[PDB]
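Asks: Structure in structure tokens, see below.
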Amino acid sequence: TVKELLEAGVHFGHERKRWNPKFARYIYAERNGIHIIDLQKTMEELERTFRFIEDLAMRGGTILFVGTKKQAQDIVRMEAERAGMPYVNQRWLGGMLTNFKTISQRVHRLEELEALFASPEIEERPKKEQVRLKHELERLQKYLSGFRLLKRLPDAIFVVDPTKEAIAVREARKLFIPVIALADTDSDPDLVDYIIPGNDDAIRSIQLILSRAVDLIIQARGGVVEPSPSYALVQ
Amino acid sequence: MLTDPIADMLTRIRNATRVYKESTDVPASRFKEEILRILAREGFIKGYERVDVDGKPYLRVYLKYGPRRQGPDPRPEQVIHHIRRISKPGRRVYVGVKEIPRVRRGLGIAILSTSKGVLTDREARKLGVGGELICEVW
Amino acid sequence: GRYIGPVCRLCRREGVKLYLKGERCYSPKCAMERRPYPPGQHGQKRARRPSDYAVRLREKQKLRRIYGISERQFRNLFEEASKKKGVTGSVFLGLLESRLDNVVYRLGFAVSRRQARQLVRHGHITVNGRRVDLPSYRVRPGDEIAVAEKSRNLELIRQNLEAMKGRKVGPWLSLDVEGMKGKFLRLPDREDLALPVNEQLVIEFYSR
Amino acid sequence: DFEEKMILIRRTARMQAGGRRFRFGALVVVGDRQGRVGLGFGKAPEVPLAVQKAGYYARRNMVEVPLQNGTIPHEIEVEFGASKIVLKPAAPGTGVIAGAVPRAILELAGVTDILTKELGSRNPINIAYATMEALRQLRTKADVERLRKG
RNA sequence: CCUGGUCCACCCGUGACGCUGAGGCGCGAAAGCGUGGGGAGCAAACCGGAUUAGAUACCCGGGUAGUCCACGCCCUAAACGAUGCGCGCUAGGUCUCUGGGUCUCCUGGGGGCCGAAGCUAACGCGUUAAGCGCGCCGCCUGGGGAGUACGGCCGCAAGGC
RNA sequence: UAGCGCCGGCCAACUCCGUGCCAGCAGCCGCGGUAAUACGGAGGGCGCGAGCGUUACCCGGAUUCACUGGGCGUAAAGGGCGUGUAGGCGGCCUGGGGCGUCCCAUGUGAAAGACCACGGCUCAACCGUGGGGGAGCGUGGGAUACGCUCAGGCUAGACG
Ligand SMILES: NC[C@@H]1O[C@H](O[C@H]2[C@@H](O)[C@H](O[C@@H]3[C@@H](O)[C@H](N)C[C@H](N)[C@H]3O[C@H]3O[C@H](CO)[C@@H](O)[C@H](O)[C@H]3N)O[C@@H]2CO)[C@H](N)[C@@H](O)[C@@H]1O
Ligand SMILES: NC[C@@H]1O[C@H](O[C@H]2[C@@H](O)[C@H](O[C@@H]3[C@@H](O)[C@H](N)C[C@H](N)[C@H]3O[C@H]3O[C@H](CO)[C@@H](O)[C@H](O)[C@H]3N)O[C@@H]2CO)[C@H](N)[C@@H](O)[C@@H]1O
Ligand SMILES: [K+]
Ligand SMILES: [K+]
Ligand SMILES: [K+]
Ligand SMILES: [K+]
Ligand SMILES: [K+]
Ligand SMILES: [K+]
Ligand SMILES: [K+]
Ligand SMILES: [K+]
Ligand SMILES: [K+]
Ligand SMILES: [K+]
Ligand SMILES: [K+]
Ligand SMILES: [K+]
Ligand SMILES: [K+]
Ligand SMILES: [Mg+2]
Ligand SMILES: [Mg+2]
Ligand SMILES: [Mg+2]
Ligand SMILES: [Mg+2]
Ligand SMILES: [Mg+2]
Ligand SMILES: [Mg+2]
Ligand SMILES: [Mg+2]
Ligand SMILES: [Mg+2]
Ligand SMILES: [Mg+2]
Ligand SMILES: [Mg+2]
Ligand SMILES: [Mg+2]
Ligand SMILES: [Mg+2]
Ligand SMILES: [Mg+2]
Ligand SMILES: [Mg+2]
Ligand SMILES: [Mg+2]
Ligand SMILES: [Mg+2]
Ligand SMILES: [Mg+2]
Ligand SMILES: [Mg+2]
Ligand SMILES: [Mg+2]
Ligand SMILES: [Mg+2]
Ligand SMILES: [Mg+2]
Ligand SMILES: [Mg+2]
Ligand SMILES: [Mg+2]
Ligand SMILES: [Mg+2]
Ligand SMILES: [Mg+2]
Ligand SMILES: [Mg+2]
Ligand SMILES: [Mg+2]
Ligand SMILES: [Mg+2]
Ligand SMILES: [Mg+2]
Ligand SMILES: [Mg+2]
Ligand SMILES: [Mg+2]
Ligand SMILES: [Mg+2]
Ligand SMILES: [Mg+2]
Ligand SMILES: [Mg+2]
Ligand SMILES: [Mg+2]
Ligand SMILES: [Mg+2]
Ligand SMILES: [Mg+2]
Ligand SMILES: [Mg+2]
Ligand SMILES: [Mg+2]
Ligand SMILES: [Mg+2]
Ligand SMILES: [Mg+2]
Ligand SMILES: [Mg+2]
Ligand SMILES: [Mg+2]
Ligand SMILES: [Mg+2]
Ligand SMILES: [Mg+2]
Ligand SMILES: [Mg+2]
Ligand SMILES: [Mg+2]
Ligand SMILES: [Mg+2]
Ligand SMILES: [Mg+2]
Ligand SMILES: [Mg+2]
Ligand SMILES: [Mg+2]
Ligand SMILES: [Mg+2]
Ligand SMILES: [Mg+2]
Ligand SMILES: [Mg+2]
Ligand SMILES: [Mg+2]
Ligand SMILES: [Mg+2]
Ligand SMILES: [Mg+2]
Ligand SMILES: [Mg+2]
Ligand SMILES: [Mg+2]
Ligand SMILES: [Mg+2]
Ligand SMILES: [Mg+2]
Ligand SMILES: [Mg+2]
Ligand SMILES: [Mg+2]
Ligand SMILES: [Mg+2]
Ligand SMILES: [Mg+2]
Ligand SMILES: [Mg+2]
Ligand SMILES: [Mg+2]
Ligand SMILES: [Mg+2]
Ligand SMILES: [Mg+2]
Ligand SMILES: [Mg+2]
Ligand SMILES: [Mg+2]
Ligand SMILES: [Mg+2]
Ligand SMILES: [Mg+2]
Ligand SMILES: [Mg+2]
Ligand SMILES: [Mg+2]
Ligand SMILES: [Mg+2]
Ligand SMILES: [Mg+2]
Ligand SMILES: [Mg+2]
Ligand SMILES: [Zn+2]
């Protein structure tokens, strides 16, 4: 719950091209052929955003953390692993929200097969099955890892790049699920219900924002967990 | 040149509102101003004010919209859904007081130019005068 | 014209018990009691889903066949009600219920509307003291519908009006049983009618 | 709770090698006659599953209709594709004057007296969608003055 | 050599002098016509050789009008963006021709592509609108009969409107 | 005295026999070539009923000549292009007139018909009395926002 001048790397945006004109209000100026996010407006929206987050958190609502961006891929899997929050990491499967029942059937099969590799029945039936089911469990854990925690539709979602993840965003809006996101110059602000106007590229920015966010979560639900161990992922 | 200044203004407003512009400038005329007054009073715009673009007089019209919405397409509801020119150059529409229309059964307005001045349908019918039927808004 | 054919077959086609027979439609002989299915060879076969037109046509036929009125007079009555002020449906039913034959049935001088028609045509009925033999005569509020002084000694009227002792007459009608007279107090309210009919469907039928 | 009636059923067909292959579409309207309607188009290999599915879809898509004394608050004219619908309010006792499609839709929304006209393309599907959009665009004096507060 | 249009910069001059445009008048690819010239290559017609069941064609060898110039006619077309002209408004990105500027970039005129909103039956269009508007002109009203018949006008004719 | 038309869909009403792309039906889509709810007959059914069908003609539906209320890239439809005559249309400010436009008053708008109410023929059709309308035009007075016009001014269109 600090920020301010401690934001380093955030104000850096994408190039002169590649932008979305709708983002013009959140831009300070154009330096070196690069849009630079407005310093103050960032915190401006940050307040309201984190307020929504705090409310929703102390109410007990679950938040689905989402990004594939490979810059943010490692950060999410821990930051969301903190508290109780589910996450989508590898890729966003179409229908995870709208088709959610059907997708959940896969989670049922997941814990099903985990229960199979628990019991004595691993060695029953030929190696033909043992080689298959193993890889099935393999990919199921590859994808549905963070998604296994959702027993019901989320009360909000958190998105790293709303442009890249825009399907997730789309069905979030469809289902009236409030959208939180970290928006860059290349994204459409209107689709985001609570906006965090900063760099979606640099690992530093994502680390800062997401870490402080989860910090706010656990702070809302009490217990004040120790500083997040994502700081070693700066490589 | 502009063939119909008033139609042009109404159109400027329409186009501006559709992309949810903050405000829009229109070339200044006392007539346009007197229309914008009614428009403001009836609450279709936040208001207007006179400005100078380059060295020439303009009217900034500050538009007005609804709250952000839910689901797909969050874009707010328009306060001006419909604004349309009726009497045009080359066909002009004059109505008597008994012939004054009623827009959307009262939910809309129609702007008349009478000899008692620029009035709405309610206002004109109240002062009991007809005139040129300028446009309809709802 | 006014029909003159088998009646309880209509009881059957409309799928709802009508009383065109007066008594015996209260007996378990009505054939609507023992054969609720439509008349004819194909009566007992599964009925296909009726078109909207079918529904409206049938409903209006129900309304019309209740009062035993020709389509000409029915239509005329409807358009007349349509021109008038007030809700078209209710006014329609009111105008229908103001017919002299129907009033005679309502007051119980006759067991059935058809019998009432015969009683009117033969001058057994009087309105305000003068004989009126027209079944389509329109009663107005305040009028006194009585039985002909010369006809009061007829067996049928004995039976009918003796059966009317203790019985109640509709809220818009008054009945003096001993003097064998009655009064039409006002037009019937829609609520006053027990008719198994949706009038809006009739309005929609002629709306076509 | 929810009264439901279907507008049209139709059998479409695709072409596969050595044959025609049929698929059934169904248009279904659902409403409480309390001012809530819904409209949906199901598509299935056989008719009943199509009707059922259409019902489901319809309950999923709902429109809140602001009735005033059994009629509509104000006239609207809506274009869906080449289909046009004109709804205009009427005094009590008038009845629902419409074609099959908007009749059913309106009657399930709890409309008693209304005047309509179908213009342009009469295609049932598009007329239906048009009607729904029309009902969806209806505003009330309340709504209006809610908008113009400022 | 003669001559038309047009763009930018300066903000100098006049002071609404504007837009459209029935009829009129002019221009109007190719083919075609008249008079005179020219004629290399190409080439309708035509003369042959093949192919083929036939081949009044495709393929091959020739070849006249014509194609070329001047002057005068003809007035047609898939004469096409199958999109009348003018003005205002409505995200951007990118390639390019051509000016100006504090020359990474900004600004103006023109030619392309992808795309916001919006439009469209769809395909698609989308500041070069097929979007939102205003002015004025031309035109449409199921297919065949038929762009035919009759009449009129134009043309040397072919034929055109 | 009870008749007439219809029963494939549009459109309310279905079965048997006869017929075999014949005989025939048919408003449009169509039916009939051996098992026809479509032809012909029967039973049954639906609709009207002193009528019921057919033909012809007018308006409707037809937003299909689109003022209300349509279109022209590929469905029918942008003139091959320009120049420009008549005509249509006309940027900002002030003033005069009051032609268009609007308002008040008044005259006219015969009767019958149309609407409403009451009333006479037993009802109705038919008819009597009363009431209410009304577009347009004439006259008198008034208003001046817009359009028009005359006079003056401006430079954002246009031209130089
Ligand atoms: N025609 C004679 C006139 O009738 C007037 O009365 C007129 C109206 O009051 C009367 O209308 C009648 C009536 O039952 C009631 N007011 C309404 C009803 N729908 C009408 O009934 C009839 O009207 C006409 C034929 O008259 C036809 O349309 C049709 O037969 C029927 N609708 O019809 C009359 C015209 O036919 C006045 N008494 C007087 O001007 C004069 O006697
Ligand atoms: N396709 C016709 C084109 O019309 C243009 O002009 C057209 C439009 O500017 C003008 O607008 C008309 C309007 O007058 C009339 N009262 C109603 C009509 N719907 C409008 O049409 C307009 O609005 C609709 C949306 O409703 C659009 O779909 C359509 O594209 C647009 N032309 O109507 C004109 C005729 O359609 C060009 N001048 C002409 O060259 C061109 O052929
Ligand atoms: K539209
Ligand atoms: K819908
Ligand atoms: K020749
Ligand atoms: K340069
Ligand atoms: K599309
Ligand atoms: K293309
Ligand atoms: K020509
Ligand atoms: K024969
Ligand atoms: K057969
Ligand atoms: K037969
Ligand atoms: K006709
Ligand atoms: K052409
Ligand atoms: K009339
Ligand atoms: Mg318009
Ligand atoms: Mg007048
Ligand atoms: Mg009121
Ligand atoms: Mg009204
Ligand atoms: Mg009426
Ligand atoms: Mg009525
Ligand atoms: Mg009618
Ligand atoms: Mg295949
Ligand atoms: Mg509502
Ligand atoms: Mg259209
Ligand atoms: Mg009232
Ligand atoms: Mg059509
Ligand atoms: Mg100057
Ligand atoms: Mg000067
Ligand atoms: Mg010109
Ligand atoms: Mg010309
Ligand atoms: Mg030529
Ligand atoms: Mg030539
Ligand atoms: Mg020559
Ligand atoms: Mg020669
Ligand atoms: Mg040669
Ligand atoms: Mg050769
Ligand atoms: Mg040869
Ligand atoms: Mg051969
Ligand atoms: Mg020669
Ligand atoms: Mg071309
Ligand atoms: Mg082009
Ligand atoms: Mg071009
Ligand atoms: Mg163009
Ligand atoms: Mg032109
Ligand atoms: Mg020009
Ligand atoms: Mg350009
Ligand atoms: Mg070029
Ligand atoms: Mg494109
Ligand atoms: Mg779109
Ligand atoms: Mg597409
Ligand atoms: Mg061009
Ligand atoms: Mg344009
Ligand atoms: Mg032509
Ligand atoms: Mg042509
Ligand atoms: Mg023809
Ligand atoms: Mg032709
Ligand atoms: Mg020709
Ligand atoms: Mg001739
Ligand atoms: Mg000739
Ligand atoms: Mg000659
Ligand atoms: Mg020849
Ligand atoms: Mg049927
Ligand atoms: Mg026949
Ligand atoms: Mg015929
Ligand atoms: Mg047989
Ligand atoms: Mg046989
Ligand atoms: Mg038969
Ligand atoms: Mg038939
Ligand atoms: Mg029979
Ligand atoms: Mg008769
Ligand atoms: Mg006849
Ligand atoms: Mg006709
Ligand atoms: Mg009708
Ligand atoms: Mg018409
Ligand atoms: Mg019409
Ligand atoms: Mg026609
Ligand atoms: Mg029109
Ligand atoms: Mg058309
Ligand atoms: Mg074409
Ligand atoms: Mg052209
Ligand atoms: Mg032509
Ligand atoms: Mg002016
Ligand atoms: Mg003028
Ligand atoms: Mg005047
Ligand atoms: Mg009169
Ligand atoms: Mg009387
Ligand atoms: Mg008067
Ligand atoms: Mg005067
Ligand atoms: Mg004055
Ligand atoms: Mg003046
Ligand atoms: Mg001047
Ligand atoms: Mg210049
Ligand atoms: Zn019975």
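As shown in the structure tokens, the chain order sets the letters A, B, ...; within each chain, residues go from 1, and ligands are also counted from 1 in the order they appear.
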So which residues are near ligand 3, meaning at most 10 Å away with only C-alpha atoms (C1' of nucleotides) and all ligand atoms counted, given back as a PyMOL selection string?

Replies: (chain D and resi 78-82+84) or (chain E and resi 118-120)

Asks: Selection from above, N, CA and C atoms (P, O5', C5', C4', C3', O3' and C1' of nucleotides), as a PDB file, in the first residue's frame, can you write it?

Replies:
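File written: again27.pdb
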```pdb
ATOM      1  N   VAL D  78     -38.077  -0.002 -35.346  1.00  0.00           N
ATOM      2  CA  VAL D  78     -36.760  -0.628 -35.294  1.00  0.00           C
ATOM      3  C   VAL D  78     -36.448  -1.418 -36.557  1.00  0.00           C
ATOM      4  N   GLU D  79     -35.226  -1.262 -37.049  1.00  0.00           N
ATOM      5  CA  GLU D  79     -34.776  -2.023 -38.199  1.00  0.00           C
ATOM      6  C   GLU D  79     -33.790  -3.096 -37.770  1.00  0.00           C
ATOM      7  N   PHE D  80     -34.140  -4.350 -38.019  1.00  0.00           N
ATOM      8  CA  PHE D  80     -33.196  -5.444 -37.902  1.00  0.00           C
ATOM      9  C   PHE D  80     -32.964  -6.056 -39.271  1.00  0.00           C
ATOM     10  N   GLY D  81     -31.776  -5.838 -39.814  1.00  0.00           N
ATOM     11  CA  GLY D  81     -31.518  -6.222 -41.182  1.00  0.00           C
ATOM     12  C   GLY D  81     -32.465  -5.474 -42.087  1.00  0.00           C
ATOM     13  N   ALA D  82     -33.154  -6.192 -42.960  1.00  0.00           N
ATOM     14  CA  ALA D  82     -34.088  -5.537 -43.859  1.00  0.00           C
ATOM     15  C   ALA D  82     -35.485  -5.567 -43.279  1.00  0.00           C
ATOM     16  N   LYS D  84     -38.371  -4.504 -40.595  1.00  0.00           N
ATOM     17  CA  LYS D  84     -38.683  -3.317 -39.829  1.00  0.00           C
ATOM     18  C   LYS D  84     -39.921  -3.590 -39.002  1.00  0.00           C
TER      19      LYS D  84
ATOM     20  P     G E 118     -20.942   0.612 -33.464  1.00  0.00           P
ATOM     21  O5'   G E 118     -21.548   1.196 -34.810  1.00  0.00           O
ATOM     22  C5'   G E 118     -22.334   2.376 -34.793  1.00  0.00           C
ATOM     23  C4'   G E 118     -22.401   3.019 -36.153  1.00  0.00           C
ATOM     24  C3'   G E 118     -23.027   2.186 -37.255  1.00  0.00           C
ATOM     25  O3'   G E 118     -24.442   2.200 -37.219  1.00  0.00           O
ATOM     26  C1'   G E 118     -21.012   3.110 -38.037  1.00  0.00           C
ATOM     27  P     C E 119     -25.279   0.878 -37.570  1.00  0.00           P
ATOM     28  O5'   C E 119     -25.257   0.843 -39.154  1.00  0.00           O
ATOM     29  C5'   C E 119     -25.591   1.997 -39.908  1.00  0.00           C
ATOM     30  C4'   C E 119     -25.148   1.859 -41.345  1.00  0.00           C
ATOM     31  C3'   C E 119     -25.607   0.598 -42.050  1.00  0.00           C
ATOM     32  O3'   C E 119     -26.926   0.710 -42.544  1.00  0.00           O
ATOM     33  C1'   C E 119     -23.304   0.938 -42.450  1.00  0.00           C
ATOM     34  P     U E 120     -27.905  -0.554 -42.497  1.00  0.00           P
ATOM     35  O5'   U E 120     -27.308  -1.504 -43.611  1.00  0.00           O
ATOM     36  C5'   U E 120     -27.134  -1.024 -44.931  1.00  0.00           C
ATOM     37  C4'   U E 120     -26.423  -2.040 -45.776  1.00  0.00           C
ATOM     38  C3'   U E 120     -26.922  -3.461 -45.638  1.00  0.00           C
ATOM     39  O3'   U E 120     -28.102  -3.684 -46.384  1.00  0.00           O
ATOM     40  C1'   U E 120     -24.551  -3.422 -45.639  1.00  0.00           C
TER      41        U E 120
END
```

Asks: Considering only C-alpha atoms (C1' of nucleotides), return as number ranges by chain whatever protein or nucleic-acid residues lie within 10 Å of residue 114 (chain D), sequence-local ones (same chain, fewer than 5 positions apart) excluded.

Replies: D: 70-72, 75, 87-98, 103, 106-107

Asks: Now that the selection is made, can you save its residues with C-alpha atoms as a short mmCIF file (atom, residue, chain, number, x, y, z; two decimals), in the first residue's frame?

Replies:
```cif
data_model
loop_
_atom_site.label_atom_id
_atom_site.label_comp_id
_atom_site.auth_asym_id
_atom_site.auth_seq_id
_atom_site.Cartn_x
_atom_site.Cartn_y
_atom_site.Cartn_z
CA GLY D 70 -51.27 -2.93 -20.52
CA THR D 71 -49.64 -1.00 -23.35
CA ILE D 72 -46.32 0.44 -24.45
CA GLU D 75 -43.89 4.49 -30.25
CA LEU D 87 -44.89 -0.47 -32.45
CA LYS D 88 -47.33 2.23 -31.40
CA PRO D 89 -49.34 2.45 -28.15
CA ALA D 90 -53.10 2.05 -27.94
CA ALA D 91 -56.00 2.75 -25.57
CA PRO D 92 -57.51 -0.14 -23.56
CA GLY D 93 -59.96 -2.43 -25.34
CA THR D 94 -58.02 -2.27 -28.59
CA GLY D 95 -56.35 -5.65 -28.33
CA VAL D 96 -53.04 -6.84 -29.73
CA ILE D 97 -53.01 -6.01 -33.40
CA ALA D 98 -49.99 -7.67 -34.95
CA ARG D 103 -48.25 -10.95 -31.44
CA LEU D 106 -45.99 -9.08 -27.13
CA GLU D 107 -48.75 -11.22 -25.61
#
```

Asks: Set the cut-off to 12 Å, count only C-alpha atoms (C1' of nucleotides) and all ligand atoms, and list whatever residues fall near ligand 56 as an MDAnalysis selection string.

Replies: chainID E and resid 141:146

Asks: Write out as a list in words which residues come within 10 Å of region 160-173 of chain C when counting only C-alpha atoms (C1' of nucleotides), dropping same-chain ones fewer than 5 positions away.

Replies: residues 103, 106, 107, 108, 109, 110, 111, 141, 152, 155, 178, 180, 182, 183, 184, 185, 186, 187, 188, 189, 192 and 193 of chain C

Asks: Could you dump the residues just selected with N, CA and C atoms as a PDB file, in the first residue's frame?

Replies:
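Result saved to part-v9.pdb:
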```
ATOM      1  N   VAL C 103     -83.039 -12.161 -22.521  1.00  0.00           N
ATOM      2  CA  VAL C 103     -83.536 -11.632 -21.259  1.00  0.00           C
ATOM      3  C   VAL C 103     -84.609 -12.553 -20.712  1.00  0.00           C
ATOM      4  N   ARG C 106     -82.982 -15.459 -19.211  1.00  0.00           N
ATOM      5  CA  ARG C 106     -82.338 -15.054 -17.971  1.00  0.00           C
ATOM      6  C   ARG C 106     -83.341 -14.962 -16.819  1.00  0.00           C
ATOM      7  N   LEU C 107     -84.513 -14.398 -17.094  1.00  0.00           N
ATOM      8  CA  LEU C 107     -85.563 -14.265 -16.088  1.00  0.00           C
ATOM      9  C   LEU C 107     -86.238 -15.594 -15.801  1.00  0.00           C
ATOM     10  N   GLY C 108     -85.894 -16.611 -16.579  1.00  0.00           N
ATOM     11  CA  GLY C 108     -86.409 -17.944 -16.344  1.00  0.00           C
ATOM     12  C   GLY C 108     -87.846 -18.196 -16.750  1.00  0.00           C
ATOM     13  N   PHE C 109     -88.378 -17.388 -17.660  1.00  0.00           N
ATOM     14  CA  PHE C 109     -89.704 -17.656 -18.208  1.00  0.00           C
ATOM     15  C   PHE C 109     -89.594 -18.832 -19.155  1.00  0.00           C
ATOM     16  N   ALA C 110     -88.372 -19.099 -19.593  1.00  0.00           N
ATOM     17  CA  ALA C 110     -88.106 -20.216 -20.480  1.00  0.00           C
ATOM     18  C   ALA C 110     -86.867 -20.956 -20.012  1.00  0.00           C
ATOM     19  N   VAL C 111     -86.833 -22.254 -20.271  1.00  0.00           N
ATOM     20  CA  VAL C 111     -85.741 -23.078 -19.806  1.00  0.00           C
ATOM     21  C   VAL C 111     -84.524 -22.927 -20.715  1.00  0.00           C
ATOM     22  N   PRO C 141     -82.391  -0.411 -19.863  1.00  0.00           N
ATOM     23  CA  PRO C 141     -82.547  -0.354 -18.411  1.00  0.00           C
ATOM     24  C   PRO C 141     -83.813   0.385 -17.993  1.00  0.00           C
ATOM     25  N   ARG C 152    -100.677 -16.494 -19.244  1.00  0.00           N
ATOM     26  CA  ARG C 152    -100.241 -16.871 -17.901  1.00  0.00           C
ATOM     27  C   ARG C 152    -100.827 -18.205 -17.453  1.00  0.00           C
ATOM     28  N   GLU C 155     -99.587 -24.148 -19.580  1.00  0.00           N
ATOM     29  CA  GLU C 155     -98.915 -25.148 -18.761  1.00  0.00           C
ATOM     30  C   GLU C 155     -97.410 -24.920 -18.676  1.00  0.00           C
ATOM     31  N   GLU C 178     -94.749 -14.045  -8.672  1.00  0.00           N
ATOM     32  CA  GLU C 178     -96.196 -14.221  -8.606  1.00  0.00           C
ATOM     33  C   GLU C 178     -96.895 -13.475  -9.736  1.00  0.00           C
ATOM     34  N   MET C 180     -95.506 -12.672 -12.355  1.00  0.00           N
ATOM     35  CA  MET C 180     -94.847 -13.171 -13.559  1.00  0.00           C
ATOM     36  C   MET C 180     -94.243 -12.043 -14.376  1.00  0.00           C
ATOM     37  N   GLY C 182     -90.708  -9.047 -14.588  1.00  0.00           N
ATOM     38  CA  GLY C 182     -89.339  -8.808 -14.171  1.00  0.00           C
ATOM     39  C   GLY C 182     -88.792  -7.516 -14.733  1.00  0.00           C
ATOM     40  N   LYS C 183     -87.704  -7.012 -14.165  1.00  0.00           N
ATOM     41  CA  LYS C 183     -87.141  -5.764 -14.657  1.00  0.00           C
ATOM     42  C   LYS C 183     -85.685  -5.902 -15.052  1.00  0.00           C
ATOM     43  N   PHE C 184     -85.327  -5.199 -16.123  1.00  0.00           N
ATOM     44  CA  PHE C 184     -83.954  -5.116 -16.586  1.00  0.00           C
ATOM     45  C   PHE C 184     -83.344  -3.867 -15.958  1.00  0.00           C
ATOM     46  N   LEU C 185     -82.474  -4.069 -14.977  1.00  0.00           N
ATOM     47  CA  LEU C 185     -82.021  -2.977 -14.127  1.00  0.00           C
ATOM     48  C   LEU C 185     -80.903  -2.171 -14.756  1.00  0.00           C
ATOM     49  N   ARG C 186     -79.952  -2.875 -15.355  1.00  0.00           N
ATOM     50  CA  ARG C 186     -78.796  -2.244 -15.974  1.00  0.00           C
ATOM     51  C   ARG C 186     -78.135  -3.199 -16.955  1.00  0.00           C
ATOM     52  N   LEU C 187     -77.129  -2.718 -17.671  1.00  0.00           N
ATOM     53  CA  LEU C 187     -76.363  -3.603 -18.531  1.00  0.00           C
ATOM     54  C   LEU C 187     -75.459  -4.446 -17.653  1.00  0.00           C
ATOM     55  N   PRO C 188     -75.306  -5.728 -17.998  1.00  0.00           N
ATOM     56  CA  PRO C 188     -74.456  -6.621 -17.215  1.00  0.00           C
ATOM     57  C   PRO C 188     -72.982  -6.249 -17.297  1.00  0.00           C
ATOM     58  N   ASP C 189     -72.296  -6.326 -16.164  1.00  0.00           N
ATOM     59  CA  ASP C 189     -70.857  -6.133 -16.120  1.00  0.00           C
ATOM     60  C   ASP C 189     -70.203  -7.415 -16.607  1.00  0.00           C
ATOM     61  N   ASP C 192     -70.230 -10.132 -14.254  1.00  0.00           N
ATOM     62  CA  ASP C 192     -71.540 -10.726 -14.011  1.00  0.00           C
ATOM     63  C   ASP C 192     -71.777 -11.973 -14.854  1.00  0.00           C
ATOM     64  N   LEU C 193     -71.083 -12.069 -15.983  1.00  0.00           N
ATOM     65  CA  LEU C 193     -71.281 -13.183 -16.903  1.00  0.00           C
ATOM     66  C   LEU C 193     -70.372 -14.368 -16.590  1.00  0.00           C
TER      67      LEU C 193
END
```

Asks: Would you mind listing the residues within 12 Å of ligand 29, counting only C-alpha atoms (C1' of nucleotides) and all ligand atoms, as a VMD selection string?

Replies: (chain E and resid 13 to 15) or (chain F and resid 153 to 155)

Asks: Hey, what's within 9 Å of region 17-20 of chain C if we count only C-alpha atoms (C1' of nucleotides) and toss same-chain stuff fewer than 5 positions away? As a list in words, please?

Replies: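 Near neighbours after the sequence-gap exclusion: residues 7, 8, 10, 11, 12, 25, 26, 30, 32, 33, 36, 62, 65, 66, 67, 68, 112, 113, 114 and 196 of chain C.
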
Asks: Collect all residues with atoms no farther than 10 Å from ligand 6, counting only C-alpha atoms (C1' of nucleotides) and all ligand atoms, and output them as a ChimeraX atom specification.

Replies: /E:99-101,103

Asks: Using only C-alpha atoms (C1' of nucleotides), please write the residues we just selected to a file, as a PDB file, in the first residue's frame.

Replies:
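Output file result.pdb follows:
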```
ATOM      1  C1'   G E  99       5.428  20.582 -51.519  1.00  0.00           C
ATOM      2  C1'   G E 100       6.491  23.440 -46.657  1.00  0.00           C
ATOM      3  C1'   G E 101       8.626  23.585 -41.681  1.00  0.00           C
ATOM      4  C1'   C E 103      13.556  18.262 -41.037  1.00  0.00           C
TER       5        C E 103
END
```

Asks: If we count only C-alpha atoms (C1' of nucleotides) and set the cut-off at 8 Å, which residues sit around residue 51 (chain D), ignoring sequence neighbours fewer than 6 positions away in its own chain? Please answer as a VMD selection string.

Replies: chain D and resid 6 25 to 28 42

Asks: What would the file look like if the residues just selected were written as a compact mmCIF listing (two decimals), in the first residue's frame with N, CA, C and O atoms?

Replies:
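See out25.txt below for the written result:
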```
# COMPACT_ATOMS: atom_id res chain seq x y z
N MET D 6 -44.00 -21.51 -29.20
CA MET D 6 -43.05 -21.46 -30.31
C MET D 6 -43.62 -20.69 -31.49
O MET D 6 -44.82 -20.74 -31.77
N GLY D 25 -34.55 -26.20 -37.02
CA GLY D 25 -34.58 -25.00 -36.20
C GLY D 25 -35.93 -24.68 -35.58
O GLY D 25 -36.97 -24.96 -36.17
N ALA D 26 -35.91 -24.03 -34.41
CA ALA D 26 -37.14 -23.68 -33.70
C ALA D 26 -37.04 -22.33 -32.99
O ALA D 26 -36.08 -22.07 -32.27
N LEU D 27 -38.06 -21.49 -33.18
CA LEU D 27 -38.13 -20.19 -32.53
C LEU D 27 -39.09 -20.25 -31.37
O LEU D 27 -40.25 -20.62 -31.55
N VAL D 28 -38.64 -19.88 -30.19
CA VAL D 28 -39.48 -20.01 -29.01
C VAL D 28 -39.47 -18.74 -28.17
O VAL D 28 -38.43 -18.15 -27.91
N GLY D 42 -33.36 -22.39 -31.28
CA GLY D 42 -32.62 -23.63 -31.12
C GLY D 42 -32.42 -24.42 -32.40
O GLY D 42 -33.27 -24.38 -33.28
```
